[PDB]
Amino acid sequence: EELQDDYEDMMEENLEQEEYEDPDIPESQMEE
Amino acid sequence: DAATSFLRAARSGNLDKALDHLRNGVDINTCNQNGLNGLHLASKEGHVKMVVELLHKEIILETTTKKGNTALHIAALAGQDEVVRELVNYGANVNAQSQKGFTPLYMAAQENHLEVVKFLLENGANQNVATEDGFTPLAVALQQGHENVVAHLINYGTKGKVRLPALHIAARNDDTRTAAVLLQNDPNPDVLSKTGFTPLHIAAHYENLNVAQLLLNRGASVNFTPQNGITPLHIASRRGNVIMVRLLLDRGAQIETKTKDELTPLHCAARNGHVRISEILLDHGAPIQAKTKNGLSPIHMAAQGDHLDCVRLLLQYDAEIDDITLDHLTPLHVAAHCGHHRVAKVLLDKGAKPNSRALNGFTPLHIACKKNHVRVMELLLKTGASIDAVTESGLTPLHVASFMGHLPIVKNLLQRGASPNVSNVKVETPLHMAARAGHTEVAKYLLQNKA
Numbered sequence: 002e003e004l005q006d007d008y009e010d011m012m013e014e015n016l017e018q019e020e021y022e023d024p025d026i027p028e029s030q031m032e033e
Numbered sequence: 011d012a013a014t015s016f017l018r019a020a021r022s023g024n025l026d027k028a029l030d031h032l033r034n035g036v037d038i039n040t041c042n043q044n045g046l047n048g049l050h051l052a053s054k055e056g057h058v059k060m061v062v063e064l065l066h067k068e069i070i071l072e073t074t075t076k077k078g079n080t081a082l083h084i085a086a087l088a089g090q091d092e093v094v095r096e097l098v099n100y101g102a103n104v105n106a107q108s109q110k111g112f113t114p115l116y117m118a119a120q121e122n123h124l125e126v127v128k129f130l131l132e133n134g135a136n137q138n139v140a141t142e143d144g145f146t147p148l149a150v151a152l153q154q155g156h157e158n159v160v161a162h163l164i165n166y167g168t169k170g171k172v173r174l175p176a177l178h179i180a181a182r183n184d185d186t187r188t189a190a191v192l193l194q195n196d197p198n199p200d201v202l203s204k205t206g207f208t209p210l211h212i213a214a215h216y217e218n219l220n221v222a223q224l225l226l227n228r229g230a231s232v233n234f235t236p237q238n239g240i241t242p243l244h245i246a247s248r249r250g251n252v253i254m255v256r257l258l259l260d261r262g263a264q265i266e267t268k269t270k271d272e273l274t275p276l277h278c279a280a281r282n283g284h285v286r287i288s289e290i291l292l293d294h295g296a297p298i299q300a301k302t303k304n305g306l307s308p309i310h311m312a313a314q315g316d317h318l319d320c321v322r323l324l325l326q327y328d329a330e331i332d333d334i335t336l337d338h339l340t341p342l343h344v345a346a347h348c349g350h351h352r353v354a355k356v357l358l359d360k361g362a363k364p365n366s367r368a369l370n371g372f373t374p375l376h377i378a379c380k381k382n383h384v385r386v387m388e389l390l391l392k393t394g395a396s397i398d399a400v401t402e403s404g405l406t407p408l409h410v411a412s413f414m415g416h417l418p419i420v421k422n423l424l425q426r427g428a429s430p431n432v433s434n435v436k437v438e439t440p441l442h443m444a445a446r447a448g449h450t451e452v453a454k455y456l457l458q459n460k461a
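Written as structure tokens, this is what we have:
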């Protein structure tokens, strides 16, 4: 192969659009 | 006569003779009586190096023969997969039609060139384009009995362009010659992929400085903002590309741009621990108190990622050491939640309040005891955190540690004089929390001390 970087999906995975977002605020309430 | 020798060298693959003829002054766009220039003759015989060299010599890529065929048509009809790939990478129109209406996909399909068909379909060739007689690549493949071509044409259908635009591929590989040819053909440097990113984004991702400078000199937007708000400066800051960050700031990148989550490039640099990029942005005027949608500042991002030197640098640039998110979490709260005792120590040595209160009254000591982070607890208790502090529900750190079952933290708290007789708003003691969660060892150690 060695040419997956020419495709839209692999390039989108490489660019890592999720790394530019704020995921959430970790609260972790102790109450059950 | 020199042009004839150049064409013969192009046909025979003699690259040295063709280059010598071009040096002597032979027109690059010369062609024989059939209209086939050097590019056509090189494409017919599979001479990839000759094709690349002639494309570098500003030969007209979309030249047509007397039958209306381009170089891509000839390479598809001749079955030269490498030449087809090279022509497509340099910007050949895969949907060009000849005089009788044939397309490169049709010519590959009629000659059972399965690899060429696959590559053209992946690059956006439309199989619905018919000739003057109404035939399609599927129709001629069915007529000629090319079963594999028929199968692939039926299965692919209209999946469309799955490949990147050629300029994006050139920017990924830092290929300045291919990018120069592409920009000579198509003047626009801001061609968009299916995701919405320009080739400048790709160049900034891989820190391909040469192609990035080439794109910026041709008129690329240094502050091209897609729907997600991710600028090339954001990508360069996130990836750690210091030289790319400097290049983008030199060409006029906006430093206060926010993404859809309101992340500034300072946030991207701080969350990944890039100290030099953060310093460059702060020296260029980055707001150090910029907040995301959740209220996180860059120091929150740096503390979250255990980026010690980034926290030091931000504190050196007058960052608020007790900045609060929407949940009122200080960077000390984040360090206690993530177990980063080094970040917590750096924050505490510079005056961060050890007894800061979150929304539910949780202190950093409470969060350290909840997550079994003993070292953060030790540093907080050394730096004056209240061991008997209560939340809004009356929970002491011993309450949280006993409920969570973290036996070493329970033992450490009891060795320092914490009282197991404390009570919640429900009057429940740490022994109640240990018994309601089935922690036999924690309950036994609580009983052995004062209960």
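Residue numbers (the deposited numbering), protein chains in the order written: chain W, 2 to 33; chain A, 11 to 461.
Every residue, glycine too, gets a C-beta built ideally from N, C-alpha and C.
Cβ contact check for the segment 143–163 of chain A and the segment 116–126 of chain A: 3 or more pairs under 8 angstroms: yes
On the DSSP letters alone, give me the boundaries of the alpha helix (DSSP H) that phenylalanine 413 of chain A sits inside. First-last of the alpha helix (DSSP H) with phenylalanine 413 of chain A: 407–414.
Short Cβ contact (8 angstroms threshold) for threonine 335 of chain A with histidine 376 of chain A: no
Using a Cβ-Cβ cutoff of 7 angstroms, what residues of the segment 226–254 of chain A are near chain W? List them in chain order. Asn238, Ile240, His244, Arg248
Against chain W, which members of the segment 378–393 of chain A pass a CB distance test of less than 9 angstroms? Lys380, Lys381
For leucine 391 of chain A, which residues of its own chain have a beta-carbon under 8 angstroms away from its beta-carbon, when the five flanking residues on both sides are left out? Exclusion of the five residues before and after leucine 391 of chain A leaves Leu375, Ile397, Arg426 as the residues of its chain whose Cβ lies within less than 8 angstroms of its Cβ.
Can you look up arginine 173 of chain A in the DSSP assignment and give me helix, strand or coil? strand
Let me make sure I understand the geometry here. Which of A/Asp316, A/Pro341, A/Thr73, A/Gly56 has the alpha-carbon closest to that of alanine 20 of chain A? Of the candidates A/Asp316, A/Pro341, A/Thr73, A/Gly56, the one whose C-alpha sits nearest the C-alpha of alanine 20 of chain A is A/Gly56.
Compute the Euclidean distance between the alpha carbons of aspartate 25 of chain W and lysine 171 of chain A, then round it to the nearest angstrom. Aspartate 25 of chain W and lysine 171 of chain A: Cα-Cα distance of roughly 35 angstroms.
Beta-carbon spacing of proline 440 of chain A, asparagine 459 of chain A below 8 angstroms: 8 angstroms or more divides the Cβ of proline 440 of chain A from the Cβ of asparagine 459 of chain A.
With 7 angstroms as the C-beta to C-beta threshold (strictly closer), list the residues of the segment 2–22 of chain W near chain A in chain order. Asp6, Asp7, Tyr8, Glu9, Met12, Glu13, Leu16, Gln18, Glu20, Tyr21, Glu22
C-beta neighbour in chain W for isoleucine 334 of chain A, strict 8 angstroms: no
For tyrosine 8 of chain W, the three-state DSSP class (helix, strand or coil): In the displayed model, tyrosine 8 of chain W falls within a strand according to three-state DSSP.
In the structure shown, what three-state DSSP assignment does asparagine 304 of chain A receive? DSSP places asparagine 304 of chain A in coil when its eight states are reduced to three.
Over what stretch of residues does the alpha helix (DSSP H) that includes residue 8 of chain A continue unbroken? The first residue shown for chain A is 11 and the last is 461, placing residue 8 of chain A beyond what the model contains.
Going by DSSP, name the residue or residues bridged to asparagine 47 of chain A. Note: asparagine 47 of chain A sits in a beta bridge opposite A/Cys41.
Count the other CB atoms, across all protein chains shown, that sit within 10 Å of the CB of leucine 131 of chain A; report buried if there are 16 or more and exposed otherwise. buried
Quick check: the Cα distance between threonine 393 of chain A and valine 356 of chain A, rounded to an integer number of angstroms? 11 angstroms
If you run the structure through DSSP and keep just helix, strand and coil, what is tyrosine 100 of chain A? coil
Would you mind telling me which residues of chain W sit closer than 8 angstroms to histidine 215 of chain A, beta carbon to beta carbon, in chain order? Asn15, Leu16
In chain W, which residues lie less than 7 angstroms from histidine 347 of chain A when you measure between Cβ atoms? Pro27
If the cut-off is 7 angstroms on Cβ atoms, which residues from the segment 298–329 of chain A count as contacting chain W, listed in chain order? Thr302, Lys303, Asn304, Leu306
Alpha helix (DSSP H) segments (min. 4 residues) lying fully within the segment 302–380 of chain A: Runs found: 308–314, 318–326, 341–348, 351–359, 374–380.
C-beta atoms of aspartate 333 of chain A and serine 307 of chain A nearer than 8 angstroms: yes
Applying the criterion that 16 or more other CB atoms from any shown protein chain within 10 Å of the CB defines a buried residue, is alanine 161 of chain A buried or exposed? exposed
Could you check whether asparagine 79 of chain A and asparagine 105 of chain A sit closer than 8 angstroms to each other, using their CB atoms as the reference points? Their beta carbons are not under 8 angstroms apart, which means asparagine 105 of chain A does not touch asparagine 79 of chain A by this criterion.
Segment limits, alpha helix (DSSP H) that includes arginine 281 of chain A: 275–282
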